[PDB]
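To keep things clear, I will list the structure first and then write my remarks on it.
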2 protein chains.
Amino acid sequence: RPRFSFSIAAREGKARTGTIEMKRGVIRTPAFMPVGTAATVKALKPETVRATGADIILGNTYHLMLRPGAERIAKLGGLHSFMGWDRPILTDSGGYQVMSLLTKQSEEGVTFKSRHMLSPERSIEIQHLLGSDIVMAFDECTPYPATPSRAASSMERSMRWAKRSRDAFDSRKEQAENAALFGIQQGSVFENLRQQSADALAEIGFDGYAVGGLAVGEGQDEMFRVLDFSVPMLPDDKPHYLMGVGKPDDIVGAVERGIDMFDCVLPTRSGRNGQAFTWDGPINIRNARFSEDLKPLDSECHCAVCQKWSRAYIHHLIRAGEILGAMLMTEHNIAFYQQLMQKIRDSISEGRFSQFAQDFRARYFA
Amino acid sequence: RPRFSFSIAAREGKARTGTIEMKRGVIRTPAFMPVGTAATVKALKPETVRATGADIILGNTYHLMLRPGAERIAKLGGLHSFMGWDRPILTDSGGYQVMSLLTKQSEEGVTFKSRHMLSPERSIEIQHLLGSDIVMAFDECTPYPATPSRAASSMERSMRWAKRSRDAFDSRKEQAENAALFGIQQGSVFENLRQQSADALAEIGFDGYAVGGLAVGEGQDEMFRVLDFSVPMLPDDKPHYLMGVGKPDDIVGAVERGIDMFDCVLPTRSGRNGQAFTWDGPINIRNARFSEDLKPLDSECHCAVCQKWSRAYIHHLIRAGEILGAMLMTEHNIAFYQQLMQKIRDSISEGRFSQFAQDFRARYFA
Ligand SMILES: [Zn+2]
Ligand SMILES: [Zn+2]
């Protein structure tokens, strides 16, 4: 396999399906990436993550630099060996934490409170030390809402940081030869700024392009409105990654608008909170109505949890605070997401994705 | 397979090795039973529990009657179906909670504070509703220390309760035909009382005999002293079960004294707390000295955890409070216990158990 090759096998409207080939494996698109923030996808062995259908998982520069440390992970042989996942890993750059989990910001980078520093150069270096396959440029996720002036200033800094990220990545031969680098579009909800950002990123040139600055409280209508004009600005022949999205309905609509890659903590995090995804919409397994329900979480789901255990049992586990409850909920939810992505890929391949989206929504929101 | 058949294949001194055949499976003895208090062995799928080598697991009447409820479990098809473990299950009777997790005690039984009641009849009924394979008599675990007078009074009540347990079990045809009933010897640390208890239990007649009233703070020397005279009082041709024991060294010494069955929360509970068992003694994986240790938890252990992950990774997981840390620690510890039991069984079968015990101790306590 090559360092990086994205091939589009089929299209329907703005939707695409295909593959990213990388050294550590093939990624089927549209793709959902389970989030593995602390060098683990919560409550799952890597083999279980793979069994659900995942081709790639997400790590974070910010969290790993704090614990257990980037240099430490490198000394131990890199993130893949450390956690036991041998397939591709995408790492976020820390740019979301620049306004999240305080800080001192400047043109040079960001200092976080022990004191830690991130900059385009340090972020790219950390991602190298982790041995990330898809490296994200170091950016700033503009807060929402933002005024046009502030959104512009923020976006402009991010584009300068994108160029610095590109140069840092390229100067490190082992990284440049074995990993890929994605740029991140900013510009808040403003079409002109999104266009300027896209132009700057395409001029620099990246292996893939993320739509940043969304899933920050704007709501689905606004997010879709921004995607409507933003995705066509990105190079057509490279993957489009919508950061932090999202709920199943968000994913379907984003694919309709040309997005190829997704990640979110929702299936893992909300799973441990009792929320299970089903084709008839989400349920909260903690609800008393499930206490004697012998049916599986979802009637059609092919996952191992739905083959073996009842709603009643999982209800008991989650209510009791049992670790097995988190394990089963998470495996089901991630498997559900992967089944959704598979149905999306198949329907685009067969030229019936529009019908699938309609059918999905009718049942999910019944 | 029969309802119950215990066969002794080989002996060395007081130690025995053999099998218990029951309808749901064969139990190799000496046996370690992982504890599954809330209808789950903590942090493990039943398939993983089986993969470690476990033939049987333990549930508790007290905990399950409170949550999710005994009648509820029966309505849902019984404990085996509920939790997805199809092999034998032994259930404790609630007698330890009679002084543990307040209460109002009388000759009739015990009322626990919502208000719940246990008696020999109700305990046996609950165990029936759960569908337990090995039912424990309802007893009272005498507190330690106890005066001879109080130990005698307590033991005498337990023997009356043992007869009531026998009659309740026998009056329920489906239970009598498909499950087994074990009596529990009491008498604190007093030889004459232990003898009276053994005589009473043998007169009633049970499928197996537990040594109760130990692992209650007495310490290993005293526990071994009591076992020295107590185990030979029990019928030789039936299994001997030491309730609540214990650490690896406790198990080895108890087998040397004629015990066939063990359970304890130690490998599961202490696993989540960071303690890992090794042939060179226990370690606490939280310790900073393990932060960059690439070796597995134990150098010889055949478990899946030791095949795949480093001390360094597990150290990180436990320090970070990650669920996968609990999963990996628990799987290793239970697998370690099962490997210990296998080495015990093989060594007795080969007439070299005395040498094994000596070799085990020399290395474990080096
Ligand atoms: Zn499922
Ligand atoms: Zn191991």
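Quick note on naming: the chains in the structure tokens go A, B, ... in the order shown, residues restart at 1 in each chain, and ligands are numbered from 1 in order of appearance.
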Just fit chain B onto chain A on all the Cα atoms, in order, by least squares, and give it as a CSV table (one decimal) with C-alpha atoms, in the first residue's frame.
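Listed below is the output, part-v4.csv:
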chain,number,residue,atom,x,y,z
B,1,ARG,CA,0.0,0.0,0.0
B,2,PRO,CA,1.0,3.6,-0.7
B,3,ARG,CA,1.5,6.3,2.0
B,4,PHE,CA,-1.8,7.8,0.9
B,5,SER,CA,-4.3,7.2,-1.9
B,6,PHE,CA,-8.0,8.3,-2.0
B,7,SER,CA,-10.1,6.7,-4.7
B,8,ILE,CA,-13.8,7.5,-5.3
B,9,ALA,CA,-15.7,4.4,-6.5
B,10,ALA,CA,-19.2,5.8,-6.8
B,11,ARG,CA,-21.1,9.1,-6.5
B,12,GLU,CA,-24.7,10.2,-6.0
B,13,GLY,CA,-25.3,14.0,-6.0
B,14,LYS,CA,-22.7,15.4,-3.7
B,15,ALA,CA,-22.2,12.0,-1.8
B,16,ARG,CA,-19.2,9.8,-2.6
B,17,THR,CA,-18.1,6.4,-1.6
B,18,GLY,CA,-14.6,5.0,-1.9
B,19,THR,CA,-11.4,4.1,-0.1
B,20,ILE,CA,-8.3,5.6,1.5
B,21,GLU,CA,-5.3,3.3,1.2
B,22,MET,CA,-2.5,3.9,3.7
B,23,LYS,CA,0.4,1.8,4.9
B,24,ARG,CA,-1.4,0.4,8.0
B,25,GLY,CA,-4.6,-0.4,6.2
B,26,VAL,CA,-7.6,0.6,4.0
B,27,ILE,CA,-10.3,3.0,5.2
B,28,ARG,CA,-13.7,2.6,3.6
B,29,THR,CA,-15.5,6.0,3.1
B,30,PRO,CA,-17.8,7.4,4.3
B,31,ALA,CA,-16.1,6.4,7.5
B,32,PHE,CA,-16.9,6.7,11.2
B,33,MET,CA,-13.9,6.9,13.5
B,34,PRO,CA,-14.4,5.8,17.1
B,35,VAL,CA,-12.7,8.2,19.5
B,36,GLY,CA,-9.8,6.8,21.7
B,37,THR,CA,-8.9,9.9,23.6
B,38,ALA,CA,-6.7,8.4,26.4
B,39,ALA,CA,-5.1,5.7,24.2
B,40,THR,CA,-8.2,3.5,24.5
B,41,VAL,CA,-11.6,3.4,22.9
B,42,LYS,CA,-13.5,3.5,26.2
B,43,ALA,CA,-14.5,0.0,27.6
B,44,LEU,CA,-13.4,-1.9,24.4
B,45,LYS,CA,-10.4,-4.0,23.5
B,46,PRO,CA,-9.0,-3.0,20.1
B,47,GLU,CA,-10.1,-6.4,18.7
B,48,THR,CA,-13.6,-5.6,19.7
B,49,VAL,CA,-13.4,-2.2,18.0
B,50,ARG,CA,-12.2,-3.9,14.9
B,51,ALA,CA,-15.0,-6.5,15.1
B,52,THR,CA,-17.6,-3.7,15.0
B,53,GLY,CA,-16.2,-2.7,11.6
B,54,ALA,CA,-14.0,0.3,12.4
B,55,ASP,CA,-11.1,0.8,9.9
B,56,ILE,CA,-9.5,3.7,11.8
B,57,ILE,CA,-9.7,5.3,15.3
B,58,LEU,CA,-9.1,8.9,16.6
B,59,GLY,CA,-6.5,10.0,19.2
B,60,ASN,CA,-5.8,13.5,20.6
B,61,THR,CA,-2.5,15.4,20.8
B,62,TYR,CA,-3.7,17.4,23.8
B,63,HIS,CA,-4.8,14.6,26.0
B,64,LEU,CA,-1.9,12.3,25.2
B,65,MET,CA,0.8,15.0,25.6
B,66,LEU,CA,-0.5,15.4,29.2
B,67,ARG,CA,-0.9,11.7,30.0
B,68,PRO,CA,1.0,9.5,29.6
B,69,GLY,CA,3.2,11.9,27.5
B,70,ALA,CA,4.3,12.0,23.9
B,71,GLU,CA,7.9,11.3,24.5
B,72,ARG,CA,7.0,8.4,26.8
B,73,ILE,CA,4.8,6.9,24.1
B,74,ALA,CA,7.6,7.2,21.6
B,75,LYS,CA,10.0,5.5,24.0
B,76,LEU,CA,7.5,2.7,24.3
B,77,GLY,CA,7.3,2.1,20.6
B,78,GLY,CA,4.5,4.5,19.5
B,79,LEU,CA,0.8,4.7,20.1
B,80,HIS,CA,-0.1,1.7,17.9
B,81,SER,CA,2.1,-0.7,19.8
B,82,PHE,CA,1.2,0.9,23.2
B,83,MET,CA,-2.6,0.4,22.9
B,84,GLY,CA,-2.6,-2.6,20.5
B,85,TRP,CA,-4.3,-1.1,17.5
B,86,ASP,CA,-2.3,-1.8,14.3
B,87,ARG,CA,-4.5,0.0,11.8
B,88,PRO,CA,-4.6,3.7,10.9
B,89,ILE,CA,-4.9,6.3,13.7
B,90,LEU,CA,-5.9,9.9,13.0
B,91,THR,CA,-4.8,12.4,15.7
B,92,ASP,CA,-6.5,15.7,16.3
B,93,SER,CA,-3.9,18.5,16.7
B,94,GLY,CA,-5.1,20.1,20.0
B,95,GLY,CA,-6.8,23.0,18.2
B,96,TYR,CA,-10.2,22.3,19.7
B,97,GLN,CA,-8.7,22.4,23.2
B,98,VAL,CA,-7.3,25.9,22.4
B,99,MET,CA,-10.8,26.8,23.4
B,100,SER,CA,-12.2,23.9,25.5
B,101,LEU,CA,-10.6,22.0,28.4
B,102,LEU,CA,-6.7,28.3,31.1
B,103,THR,CA,-4.6,29.4,28.2
B,104,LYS,CA,-2.3,32.1,26.9
B,105,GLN,CA,-2.6,32.5,23.2
B,106,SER,CA,-0.3,34.3,20.7
B,107,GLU,CA,0.8,34.1,17.1
B,108,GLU,CA,3.5,31.6,18.2
B,109,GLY,CA,1.0,29.1,19.7
B,110,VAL,CA,-0.8,28.4,23.0
B,111,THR,CA,0.4,27.8,26.5
B,112,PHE,CA,-1.9,25.6,28.6
B,113,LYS,CA,-2.1,25.5,32.4
B,114,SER,CA,1.8,22.2,35.2
B,115,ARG,CA,2.4,24.3,32.1
B,116,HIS,CA,2.4,22.9,28.6
B,117,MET,CA,2.8,24.5,25.2
B,118,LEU,CA,1.3,23.8,21.8
B,119,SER,CA,2.3,25.4,18.5
B,120,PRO,CA,2.1,24.2,14.9
B,121,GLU,CA,5.6,22.8,15.2
B,122,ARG,CA,5.1,21.2,18.6
B,123,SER,CA,1.8,19.7,17.6
B,124,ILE,CA,3.2,18.1,14.5
B,125,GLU,CA,6.1,16.8,16.5
B,126,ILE,CA,3.8,15.3,19.1
B,127,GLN,CA,1.8,13.6,16.4
B,128,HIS,CA,5.1,12.2,15.0
B,129,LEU,CA,6.1,10.9,18.4
B,130,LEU,CA,2.7,9.1,18.7
B,131,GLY,CA,3.2,7.7,15.2
B,132,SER,CA,-0.1,9.0,13.9
B,133,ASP,CA,-1.1,8.0,10.3
B,134,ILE,CA,-3.3,11.0,9.6
B,135,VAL,CA,-1.9,14.2,11.2
B,136,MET,CA,-4.1,17.2,11.6
B,137,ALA,CA,-2.8,20.7,11.1
B,138,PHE,CA,-2.7,22.8,14.3
B,139,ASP,CA,-5.5,25.3,14.1
B,140,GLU,CA,-7.9,27.3,16.2
B,141,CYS,CA,-11.6,26.2,16.5
B,142,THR,CA,-13.3,29.6,16.4
B,143,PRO,CA,-15.9,29.9,19.2
B,144,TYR,CA,-19.6,30.2,18.3
B,145,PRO,CA,-21.1,32.6,17.8
B,146,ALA,CA,-18.4,34.8,16.4
B,147,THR,CA,-18.5,38.3,14.8
B,148,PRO,CA,-17.3,38.5,11.2
B,149,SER,CA,-14.2,40.4,12.3
B,150,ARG,CA,-13.2,37.9,15.0
B,151,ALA,CA,-14.0,34.9,12.7
B,152,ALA,CA,-11.8,36.5,10.0
B,153,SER,CA,-8.9,37.2,12.4
B,154,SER,CA,-9.1,33.6,13.8
B,155,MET,CA,-9.3,32.0,10.4
B,156,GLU,CA,-6.3,34.1,9.2
B,157,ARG,CA,-4.2,32.9,12.1
B,158,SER,CA,-5.3,29.3,11.4
B,159,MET,CA,-4.2,29.6,7.8
B,160,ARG,CA,-0.8,30.9,8.9
B,161,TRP,CA,-0.6,28.0,11.3
B,162,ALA,CA,-1.7,25.6,8.5
B,163,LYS,CA,1.4,26.7,6.5
B,164,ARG,CA,3.6,26.2,9.5
B,165,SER,CA,2.1,22.8,10.0
B,166,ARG,CA,2.8,21.8,6.4
B,167,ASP,CA,6.4,22.9,6.7
B,168,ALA,CA,7.0,21.1,10.0
B,169,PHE,CA,5.5,17.9,8.6
B,170,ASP,CA,7.5,18.1,5.4
B,171,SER,CA,10.8,18.8,7.2
B,172,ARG,CA,10.5,15.5,9.1
B,173,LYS,CA,11.3,12.9,6.4
B,174,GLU,CA,10.1,9.8,8.2
B,175,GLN,CA,6.8,11.6,8.9
B,176,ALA,CA,6.4,13.0,5.4
B,177,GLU,CA,7.1,9.6,3.8
B,178,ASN,CA,4.8,7.5,6.0
B,179,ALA,CA,1.9,9.7,7.3
B,180,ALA,CA,-0.7,12.1,5.7
B,181,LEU,CA,-1.5,15.7,6.7
B,182,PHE,CA,-5.0,17.2,6.6
B,183,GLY,CA,-5.7,20.9,6.6
B,184,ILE,CA,-8.6,22.4,8.6
B,185,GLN,CA,-11.0,24.9,7.1
B,186,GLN,CA,-12.3,27.7,9.4
B,187,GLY,CA,-14.4,30.8,8.9
B,188,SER,CA,-17.3,30.2,11.3
B,189,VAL,CA,-20.6,30.5,9.5
B,190,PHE,CA,-19.5,33.0,6.9
B,191,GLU,CA,-19.4,32.0,3.2
B,192,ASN,CA,-16.7,34.6,2.2
B,193,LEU,CA,-14.4,33.5,5.1
B,194,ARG,CA,-15.0,29.8,4.3
B,195,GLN,CA,-14.0,30.5,0.7
B,196,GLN,CA,-10.8,32.4,1.7
B,197,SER,CA,-9.9,29.5,4.1
B,198,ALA,CA,-10.5,26.9,1.4
B,199,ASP,CA,-8.4,28.8,-1.1
B,200,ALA,CA,-5.5,29.2,1.4
B,201,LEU,CA,-5.5,25.5,2.2
B,202,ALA,CA,-5.7,24.4,-1.4
B,203,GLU,CA,-2.8,26.7,-2.2
B,204,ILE,CA,-0.7,25.1,0.5
B,205,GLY,CA,-1.9,21.6,-0.5
B,206,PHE,CA,-2.9,18.8,1.9
B,207,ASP,CA,-3.8,15.1,1.6
B,208,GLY,CA,-7.3,15.8,3.0
B,209,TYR,CA,-9.4,18.7,4.1
B,210,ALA,CA,-11.4,19.0,7.3
B,211,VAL,CA,-14.4,21.3,7.9
B,212,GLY,CA,-13.5,22.7,11.3
B,213,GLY,CA,-15.4,25.2,13.5
B,214,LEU,CA,-18.7,23.3,13.5
B,215,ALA,CA,-20.5,21.1,16.0
B,216,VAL,CA,-19.9,23.9,18.4
B,217,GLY,CA,-23.5,24.7,19.3
B,218,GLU,CA,-24.8,26.0,16.0
B,219,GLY,CA,-27.5,23.4,15.6
B,220,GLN,CA,-28.2,21.1,12.6
B,221,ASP,CA,-30.0,23.6,10.4
B,222,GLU,CA,-27.1,26.1,10.5
B,223,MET,CA,-24.5,23.4,10.3
B,224,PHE,CA,-26.2,22.0,7.1
B,225,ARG,CA,-26.4,25.6,5.7
B,226,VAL,CA,-22.7,26.1,6.2
B,227,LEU,CA,-21.9,22.7,4.7
B,228,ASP,CA,-24.1,23.5,1.7
B,229,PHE,CA,-21.6,26.1,0.5
B,230,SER,CA,-18.4,25.0,2.4
B,231,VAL,CA,-17.8,21.5,1.1
B,232,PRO,CA,-17.9,22.4,-2.6
B,233,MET,CA,-15.0,24.8,-1.9
B,234,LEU,CA,-12.7,22.0,-1.0
B,235,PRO,CA,-10.8,20.0,-3.5
B,236,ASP,CA,-13.1,17.3,-4.9
B,237,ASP,CA,-10.4,14.6,-5.2
B,238,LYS,CA,-9.4,14.6,-1.6
B,239,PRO,CA,-11.3,13.3,1.5
B,240,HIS,CA,-13.6,15.7,3.4
B,241,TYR,CA,-13.6,15.3,7.2
B,242,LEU,CA,-16.3,16.9,9.4
B,243,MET,CA,-14.8,17.2,12.8
B,244,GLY,CA,-16.9,16.2,15.9
B,245,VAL,CA,-20.0,15.1,14.0
B,246,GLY,CA,-22.1,13.4,15.1
B,247,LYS,CA,-25.6,12.0,15.7
B,248,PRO,CA,-26.8,9.5,13.1
B,249,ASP,CA,-29.1,12.0,11.4
B,250,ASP,CA,-26.2,14.6,11.2
B,251,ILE,CA,-24.0,12.0,9.5
B,252,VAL,CA,-26.6,11.1,6.9
B,253,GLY,CA,-27.2,14.8,6.1
B,254,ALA,CA,-23.5,15.6,6.0
B,255,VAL,CA,-22.8,12.7,3.6
B,256,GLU,CA,-25.6,14.2,1.4
B,257,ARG,CA,-23.4,17.3,1.4
B,258,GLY,CA,-20.1,15.7,0.4
B,259,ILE,CA,-18.5,14.7,3.7
B,260,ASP,CA,-16.4,11.5,3.8
B,261,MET,CA,-15.2,11.1,7.4
B,262,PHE,CA,-16.7,11.5,10.9
B,263,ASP,CA,-15.9,11.2,14.5
B,264,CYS,CA,-17.7,11.8,17.8
B,265,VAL,CA,-17.8,10.7,21.4
B,266,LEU,CA,-21.6,10.3,21.2
B,267,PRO,CA,-21.8,6.5,20.7
B,268,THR,CA,-19.1,5.8,23.4
B,269,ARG,CA,-19.9,8.6,25.9
B,270,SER,CA,-23.7,8.4,25.7
B,271,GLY,CA,-23.5,4.6,25.7
B,272,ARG,CA,-22.1,4.6,29.2
B,273,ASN,CA,-24.9,7.1,30.1
B,274,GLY,CA,-27.5,4.6,29.0
B,275,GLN,CA,-28.4,5.9,25.5
B,276,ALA,CA,-28.6,3.1,22.9
B,277,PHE,CA,-29.0,3.8,19.2
B,278,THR,CA,-31.7,1.8,17.3
B,279,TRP,CA,-33.2,2.1,13.8
B,280,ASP,CA,-36.3,3.4,15.5
B,281,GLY,CA,-34.4,6.1,17.2
B,282,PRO,CA,-32.4,6.3,20.5
B,283,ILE,CA,-33.6,4.8,23.7
B,284,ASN,CA,-32.4,5.2,27.3
B,285,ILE,CA,-31.9,1.8,28.7
B,286,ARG,CA,-32.1,3.1,32.3
B,287,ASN,CA,-35.8,3.7,31.8
B,288,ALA,CA,-38.0,1.4,33.9
B,289,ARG,CA,-40.0,0.3,30.9
B,290,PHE,CA,-37.0,-1.9,29.9
B,291,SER,CA,-36.7,-3.7,33.2
B,292,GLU,CA,-38.4,-6.9,31.9
B,293,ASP,CA,-37.9,-6.4,28.2
B,294,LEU,CA,-36.3,-9.6,26.7
B,295,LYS,CA,-35.7,-8.1,23.3
B,296,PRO,CA,-32.2,-7.0,22.2
B,297,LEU,CA,-31.2,-3.3,22.1
B,298,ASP,CA,-32.1,-3.2,18.4
B,299,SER,CA,-34.2,-5.8,16.5
B,300,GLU,CA,-32.0,-5.9,13.4
B,301,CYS,CA,-28.6,-5.1,14.7
B,302,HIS,CA,-26.0,-7.7,13.9
B,303,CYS,CA,-23.7,-7.0,16.8
B,304,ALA,CA,-22.6,-9.5,19.4
B,305,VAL,CA,-24.4,-7.7,22.2
B,306,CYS,CA,-27.8,-8.0,20.4
B,307,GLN,CA,-27.1,-11.7,19.6
B,308,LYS,CA,-26.7,-12.5,23.3
B,309,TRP,CA,-28.1,-10.1,25.9
B,310,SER,CA,-31.5,-8.6,26.6
B,311,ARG,CA,-32.5,-5.0,27.2
B,312,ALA,CA,-33.5,-6.2,30.7
B,313,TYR,CA,-30.0,-7.4,31.6
B,314,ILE,CA,-28.3,-4.3,30.2
B,315,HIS,CA,-30.9,-2.1,32.1
B,316,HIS,CA,-29.8,-3.9,35.3
B,317,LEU,CA,-26.1,-3.5,34.6
B,318,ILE,CA,-26.3,0.3,33.8
B,319,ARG,CA,-28.6,0.9,36.9
B,320,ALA,CA,-26.1,-1.0,39.1
B,321,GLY,CA,-23.1,0.9,37.7
B,322,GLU,CA,-21.5,-2.3,36.5
B,323,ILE,CA,-18.6,-2.1,34.1
B,324,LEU,CA,-20.1,-4.8,31.9
B,325,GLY,CA,-22.9,-2.4,31.2
B,326,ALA,CA,-20.6,0.2,29.8
B,327,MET,CA,-18.8,-2.5,27.7
B,328,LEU,CA,-22.0,-3.8,26.2
B,329,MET,CA,-23.6,-0.4,25.5
B,330,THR,CA,-20.4,0.9,23.9
B,331,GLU,CA,-19.9,-2.2,21.7
B,332,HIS,CA,-23.5,-2.0,20.5
B,333,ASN,CA,-23.4,1.7,19.8
B,334,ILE,CA,-20.1,1.6,17.9
B,335,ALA,CA,-21.4,-1.4,15.9
B,336,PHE,CA,-24.6,0.5,15.2
B,337,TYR,CA,-22.6,3.4,13.8
B,338,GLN,CA,-20.5,1.1,11.6
B,339,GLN,CA,-23.7,-0.6,10.3
B,340,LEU,CA,-25.0,2.9,9.5
B,341,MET,CA,-21.8,3.7,7.6
B,342,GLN,CA,-22.0,0.4,5.7
B,343,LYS,CA,-25.6,1.1,4.7
B,344,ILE,CA,-24.5,4.5,3.5
B,345,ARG,CA,-21.6,3.1,1.5
B,346,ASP,CA,-23.8,0.4,-0.1
B,347,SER,CA,-26.6,2.7,-1.0
B,348,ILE,CA,-24.3,5.2,-2.7
B,349,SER,CA,-22.5,2.4,-4.5
B,350,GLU,CA,-26.0,1.2,-5.7
B,351,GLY,CA,-27.3,4.7,-6.6
B,352,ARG,CA,-30.1,4.6,-4.0
B,353,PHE,CA,-28.6,6.8,-1.2
B,354,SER,CA,-31.3,9.4,-1.6
B,355,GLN,CA,-33.9,6.7,-1.0
B,356,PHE,CA,-31.9,5.3,1.9
B,357,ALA,CA,-31.7,8.8,3.6
B,358,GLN,CA,-35.5,9.2,3.3
B,359,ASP,CA,-36.2,5.7,4.6
B,360,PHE,CA,-33.8,6.1,7.4
B,361,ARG,CA,-35.3,9.4,8.6
B,362,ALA,CA,-38.9,8.1,8.3
B,363,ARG,CA,-38.3,5.2,10.7
B,364,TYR,CA,-35.7,6.9,13.0
B,365,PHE,CA,-38.0,9.8,13.7
B,366,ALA,CA,-41.3,8.0,13.7
What are the DSSP strand (DSSP E or B) residues of stretch 78-287 of chain B, as a ChimeraX atom specification? /B:89-92,103-105,110-112,116-118,134-136,180-185,208-211,240-242,261-263,275-276,283-284
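Those residues of stretch 36-114 of chain A that DSSP, working from the backbone, places in alpha helix (DSSP H) are residues 46, 47, 48, 49, 50, 51, 61, 62, 63, 64, 65, 66, 70, 71, 72, 73, 74, 75, 79, 80, 81, 82 and 83 of chain A.
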Saved selection, atoms kept: N, CA, C and O atoms, as a compact mmCIF listing (two decimals), in the first residue's frame:
# COMPACT_ATOMS: atom_id res chain seq x y z
N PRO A 46 -9.11 -3.32 21.53
CA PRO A 46 -8.96 -3.01 20.10
C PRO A 46 -9.57 -4.07 19.18
O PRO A 46 -10.15 -3.73 18.15
N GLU A 47 -9.47 -5.34 19.55
CA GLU A 47 -10.05 -6.40 18.72
C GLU A 47 -11.57 -6.24 18.62
O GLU A 47 -12.17 -6.53 17.59
N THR A 48 -12.20 -5.78 19.70
CA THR A 48 -13.64 -5.57 19.68
C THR A 48 -13.98 -4.37 18.81
O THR A 48 -14.95 -4.40 18.03
N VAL A 49 -13.19 -3.30 18.92
CA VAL A 49 -13.36 -2.15 18.04
C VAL A 49 -13.30 -2.58 16.58
O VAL A 49 -14.14 -2.20 15.77
N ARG A 50 -12.30 -3.39 16.24
CA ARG A 50 -12.18 -3.87 14.87
C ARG A 50 -13.38 -4.73 14.47
O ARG A 50 -13.90 -4.61 13.36
N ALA A 51 -13.83 -5.59 15.38
CA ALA A 51 -14.96 -6.48 15.08
C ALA A 51 -16.25 -5.72 14.76
O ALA A 51 -17.11 -6.24 14.05
N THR A 61 -3.80 14.82 20.38
CA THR A 61 -2.51 15.37 20.76
C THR A 61 -2.53 15.98 22.17
O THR A 61 -1.61 15.76 22.95
N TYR A 62 -3.58 16.74 22.47
CA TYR A 62 -3.68 17.43 23.76
C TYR A 62 -3.71 16.45 24.92
O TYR A 62 -2.93 16.56 25.88
N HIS A 63 -4.62 15.48 24.87
CA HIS A 63 -4.78 14.58 26.00
C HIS A 63 -3.55 13.70 26.20
O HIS A 63 -3.08 13.53 27.32
N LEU A 64 -3.01 13.18 25.10
CA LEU A 64 -1.87 12.28 25.19
C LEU A 64 -0.57 12.99 25.58
O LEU A 64 0.29 12.39 26.22
N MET A 65 -0.42 14.26 25.21
CA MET A 65 0.77 14.98 25.63
C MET A 65 0.79 15.17 27.15
O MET A 65 1.86 15.21 27.75
N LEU A 66 -0.39 15.24 27.76
CA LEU A 66 -0.50 15.39 29.21
C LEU A 66 -0.34 14.06 29.93
O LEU A 66 0.31 13.98 30.97
N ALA A 70 3.94 12.37 25.27
CA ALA A 70 4.25 12.02 23.89
C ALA A 70 5.61 11.33 23.77
O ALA A 70 5.75 10.32 23.08
N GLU A 71 6.61 11.89 24.45
CA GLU A 71 7.95 11.30 24.48
C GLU A 71 7.92 9.90 25.09
O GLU A 71 8.60 8.99 24.62
N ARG A 72 7.12 9.73 26.14
CA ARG A 72 7.01 8.42 26.78
C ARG A 72 6.43 7.39 25.82
O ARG A 72 6.96 6.29 25.68
N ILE A 73 5.35 7.76 25.13
CA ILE A 73 4.76 6.85 24.15
C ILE A 73 5.77 6.49 23.05
O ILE A 73 5.88 5.33 22.66
N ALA A 74 6.53 7.47 22.58
CA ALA A 74 7.57 7.20 21.58
C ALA A 74 8.61 6.21 22.11
O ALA A 74 8.99 5.27 21.41
N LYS A 75 9.05 6.40 23.35
CA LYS A 75 10.04 5.50 23.96
C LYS A 75 9.50 4.08 24.03
O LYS A 75 10.25 3.10 23.94
N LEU A 79 2.14 4.87 19.59
CA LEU A 79 0.77 4.67 20.05
C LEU A 79 0.17 3.33 19.62
O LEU A 79 -0.56 2.69 20.39
N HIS A 80 0.45 2.91 18.39
CA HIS A 80 -0.11 1.67 17.87
C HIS A 80 0.27 0.47 18.74
O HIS A 80 -0.59 -0.31 19.17
N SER A 81 1.57 0.33 19.00
CA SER A 81 2.10 -0.74 19.83
C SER A 81 1.60 -0.64 21.27
O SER A 81 1.23 -1.63 21.90
N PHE A 82 1.60 0.59 21.78
CA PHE A 82 1.19 0.89 23.15
C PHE A 82 -0.22 0.37 23.45
O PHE A 82 -0.44 -0.36 24.41
N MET A 83 -1.18 0.75 22.61
CA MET A 83 -2.57 0.40 22.86
C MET A 83 -3.03 -0.88 22.15
O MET A 83 -4.11 -1.40 22.44
